[PDB]
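First the structure, in the form of structure tokens, and then the observations on it.
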Amino acid sequence: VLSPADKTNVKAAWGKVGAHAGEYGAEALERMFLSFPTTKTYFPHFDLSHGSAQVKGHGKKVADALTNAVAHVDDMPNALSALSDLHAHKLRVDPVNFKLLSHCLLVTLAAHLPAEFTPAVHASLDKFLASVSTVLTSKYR
Amino acid sequence: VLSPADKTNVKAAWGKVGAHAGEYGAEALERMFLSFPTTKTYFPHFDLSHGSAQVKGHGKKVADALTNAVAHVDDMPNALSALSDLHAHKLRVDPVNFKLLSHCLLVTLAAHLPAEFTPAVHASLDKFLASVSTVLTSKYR
Amino acid sequence: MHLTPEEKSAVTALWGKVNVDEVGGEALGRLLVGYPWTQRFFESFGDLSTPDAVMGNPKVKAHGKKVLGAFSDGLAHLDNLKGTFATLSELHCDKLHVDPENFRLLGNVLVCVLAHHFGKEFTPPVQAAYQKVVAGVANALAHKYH
Amino acid sequence: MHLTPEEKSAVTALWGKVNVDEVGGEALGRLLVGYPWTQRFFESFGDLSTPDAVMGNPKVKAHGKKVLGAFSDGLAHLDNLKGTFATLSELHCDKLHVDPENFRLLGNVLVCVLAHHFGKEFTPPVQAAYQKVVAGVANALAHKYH
Ligand code: HEM
Ligand code: HEM
Ligand code: HEM
Ligand code: HEM
């Protein structure tokens, strides 16, 4: 569970992301594709080339969803229900891949927010992504 | 989330274990130690040799806790508070390990409850062990 | 493999007693039921709405036999699973888009089916050797992913 | 260890810019803070009650530097990690009883640390090379477990 501290940490670091969320979402995806190539099996229909608009497009959607979870940090299960259903029933992404993306998202933020990416913030952001992943995977079976 | 069918399946299967749970606890550990030798890092103080009373006793302890969990399948979080505490703040076993013991437990049940280990029951027990795993690692951070 | 002559013989000897037809259909079926998301690759098989519908689906059973067959033949090249599954590794990557994590789910299901079938015979030391093989197989199959 | 020549040059060029003293302390400190369960091996280190207590603990800093010291040496023998890390693997197993999963957590933390420090210089492709490396090191450190 996320503590008040965590909550403050996340709103703060995400606060800084602001308008770059979309681009950071795209970048986390590319990092993931390059470091964990097995994740590509889920996007056979995508142009995964550098600067692919499909990836750009996708990065934004993911960032929008994270932004929405931050806005509803106290009711994530409900704020993300629809996305939980989609992933459980249609996409059927194996659960292990959530940890991979989470990891690439953390690397992206670190790379962009040197001043805010403190030990404390890092830990809060990691618990946060773990919680988002748990929600998205809750309806799998 | 354990469905009513699941809770039923579990109570039935565990029902058949009966007076052998302790022996099955012991057997699951032995299978874990041999198949996943990295798990032995948590028991440096034990005699991990076949038929060790240390291993036997621990086997009962684990079995017993599972029993208590089946019994309170509706209130696991509460039924296992203390155990969740112990593991998070004292033992501090890495979360990956819970999946290994869970697996050795299925294998043991399967080998001992042929008739009862149907495909539907297998699925239920797995979810159950997963739930139990979540509970035991919920206070880690 | 990092199989001990003793470990090799145990694997080999139990296998000799296996009905691939039955074990193949049961392993794949149990997979589809325990880990529902693996069904994303078998939409064309039909109705997998229930344990019963999965366990009974002939397409499932027949796919199961094909998979354990290939597995079975790999046990004959236990000293080069890599070379034995190379082509199958590319296929799974490039044509099927199967996440290699699935190879590990199956392996574990396989072990549960064997324990199920052999009871007593499937001892801790025997499971230990099989765990090494299933892992080995999954690694070989995942080897050509890029 | 599938390090292409170009991946190896990239690992090496960046490693040239690292202050192992500093990176070592940050990586270790951050692990104890992010995954507090890992604190189980350091009860003799004193106060690890808060982030500042961990990050600033002279013992954590000193150990971090030692750990990264051994890692840096590993980077000079990318060809023979197993050999390079063999006595250490044995020690971690037999004397320290350190669950190898700990080696993979540290690797991920380390990647975040390099990202933190190098910013934009830690490109998608450089991260992918480092990912292969931390995994190879974790594997080498676990090779002697039994
Ligand atoms: C916290 C992590 C994740 C978030 C917030 C997330 C969110 C989303 C969102 C918002 C969409 C678009 C749905 C729509 O069409 O409106 C989506 C689609 C998708 N996601 Fe997830 N996702 C996550 C993890 C993953 C992972 C780890 C994978 C696989 C490696 C994945 C694979 C997919 C796929 C294949 C689609 C469909 C894309 C398309 O066809 O356009 N997702 N996700
Ligand atoms: C299925 C999940 C598990 C359950 C229900 C469980 C239950 C228990 C119980 C009932 C105890 C004894 C408490 C006491 O001594 O009063 C215990 C202790 C312990 N458990 Fe857990 N356990 C689980 C998973 C694990 C795993 C996966 C590991 C490590 C591989 C582990 C490591 C330990 C250790 C090292 C002890 C203390 C041993 C001793 O010094 O006596 N547990 N656990
Ligand atoms: C022990 C691991 C496995 C082995 C040895 C194996 C082997 C095979 C073989 C020999 C084929 C025949 C296709 C051909 O030659 O054209 C095949 C096809 C296929 N496999 Fe795998 N497989 C394994 C695991 C899996 C898993 C776990 C999945 C998904 C859950 C999967 C999904 C498929 C699919 C979708 C096909 C194509 C069947 C069709 O054409 O309808 N495989 N596999
Ligand atoms: C890159 C991975 C690692 C490397 C290269 C490494 C290297 C080392 C070295 C060189 C030593 C000193 C050996 C000696 O005392 O003779 C050491 C000791 C130690 N390591 Fe590791 N280490 C690694 C990861 C870890 C992790 C992740 C943990 C725990 C989470 C850990 C726990 C310990 C402990 C507890 C000691 C002994 C400290 C003491 O003196 O009391 N190591 N390690």
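Counting starts at 1 for both ligands and their atoms, following the listed order. All heavy atoms count here, side chains included; hydrogens, waters and symmetry mates do not. Per chain, numbering begins at 1; letters A, B, ... match sequence-line order.
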Atoms of ligand 4 less than 4.0 Å from [X] heavy atoms?
X	result
D:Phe41	29 (C), 30 (C), 35 (C)
D:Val98	32 (C)
D:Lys66	12 (C)
D:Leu91	13 (C), 14 (C), 16 (O)
D:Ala70	5 (C), 10 (C)

Closest approach of any protein heavy atom to [atom], naming residue and atom:
atom	result
atom 39 (C) of ligand 4	D:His63 CE1, 4.8 Å
atom 20 (N) of ligand 4	D:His92 NE2, 3.1 Å
atom 15 (O) of ligand 1	A:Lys61 NZ, 3.8 Å
atom 25 (C) of ligand 4	D:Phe103 CE2, 3.9 Å
atom 3 (C) of ligand 4	D:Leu141 CD1, 3.6 Å
atom 31 (C) of ligand 1	A:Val93 CG2, 3.7 Å
atom 37 (C) of ligand 2	B:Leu91 CD2, 3.7 Å
atom 2 (C) of ligand 1	A:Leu101 CD2, 3.6 Å
atom 35 (C) of ligand 2	B:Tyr42 O, 3.3 Å
atom 27 (C) of ligand 2	B:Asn97 O, 3.4 Å
atom 38 (C) of ligand 1	A:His58 CE1, 3.8 Å

Which of the numbered atoms in ligand 1 are under 4.0 angstrom from any heavy atom belonging to A:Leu86?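 Under 4.0 Å from A:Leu86, ligand 1 has these atoms: 13 (C).
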Enumerate the atoms of ligand 1 whose separation from the nearest heavy atom of A:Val132 is less than 4.0 angstrom.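 Selected atoms, number and element: 1 (C).
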When you measure from the side chain of [X] to the backbone N and O of [Y], does any donor-acceptor pair fall under 3.5 Å?
X	Y	value
B:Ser49	B:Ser52	no
A:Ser84	A:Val135	yes
A:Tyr42	A:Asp94	yes
C:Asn108	B:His103	no
D:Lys65	D:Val20	no

Could you state the interatomic distance from [atom1] ([X]) to [atom2] ([Y]), rounded to the nearest 0.5 Å?
X	Y	atom1	atom2	answer
C:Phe41	C:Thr38	CZ	OG1	8.0 Å
B:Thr38	D:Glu101	OG1	CD	8.5 Å
B:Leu109	B:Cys104	CG	SG	11.5 Å
A:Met76	A:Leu83	CE	CG	13.0 Å
B:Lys99	B:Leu129	NZ	CG	12.5 Å
D:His92	D:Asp94	NE2	CG	12.0 Å

Proximity of [X] to ligand 4 by residue part, where a heavy atom lies under 4.0 Å:
X	answer
D:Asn102	both
D:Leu105	neither
D:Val67	both

Applying the salt bridge (charged side-chain N to carboxylate O under 4.0 Å, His left out) test to A:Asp85, which of A:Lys90, A:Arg92, A:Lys139 qualifies?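 Running salt bridge (charged side-chain N to carboxylate O under 4.0 Å, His left out) over A:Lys90, A:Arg92, A:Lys139 with A:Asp85 returns exactly one hit, A:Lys139.
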For atom 21 (Fe) of ligand 2, find the closest N/O/S atom belonging to B:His87 and write down its atom name.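 Per the distance ranking, B:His87 contributes NE2 as its closest N/O/S atom to atom 21 (Fe) of ligand 2.
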Please determine whether a side-chain nitrogen of the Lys or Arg among B:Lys7 and B:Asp74 lies less than 4.0 Å from a carboxylate oxygen of the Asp or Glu.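 Yes, charged N to carboxylate O under 4.0 Å.
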Within-cutoff protein neighbour (heavy atom, under 4.0 Å) for atom 42 (N) of ligand 2: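 Yes, at least one protein heavy atom sits under 4.0 Å from atom 42 (N) of ligand 2.
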Verify the contact flag for atom 22 (N) of ligand 4, where contact means a protein heavy atom under 4.0 Å away.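 Neighbour list for atom 22 (N) of ligand 4 includes protein heavy atoms (cut-off 4.0 Å).
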When you measure from atom 24 (C) of ligand 2 to each heavy atom in B:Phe43, B:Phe36, B:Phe98, which option holds the nearest one?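 That would be B:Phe98.
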If we only count N/O pairs under 3.5 Å, is B:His45 in contact with ligand 2?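 Yes.
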Checking A:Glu23 against A:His112: is there a side-chain donor and acceptor pair closer than 3.5 Å?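 Checked: A:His112/A:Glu23 side chains show no N/O donor-acceptor pair below 3.5 Å.
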If you measure from each non-hydrogen atom of A:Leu83 to ligand 1, which part falls under 4.0 Å: side chain, backbone, both or neither?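 Side chain only.
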Side chains of A:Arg141 and C:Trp37: does their closest heavy-atom pair fall under 4.5 Å?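 Answer yes - side chains close enough.
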Please evaluate residues A:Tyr24 and A:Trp14 with respect to the criterion ring-ring contact (aromatic ring centres under 6.0 Å, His included), reporting the C-alpha separation (whole Å), side-chain torsions for both, the decisive distance (0.1 Å), and the verdict. CA-CA 11 Å; A:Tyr24 298 172; A:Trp14 197 268; 8.4 Å; no
Residue part near ligand 2, for B:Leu136, under 4.0 Å between non-hydrogen atoms: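 Under 4.0 Å from ligand 2, B:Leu136 contributes side-chain atoms alone.
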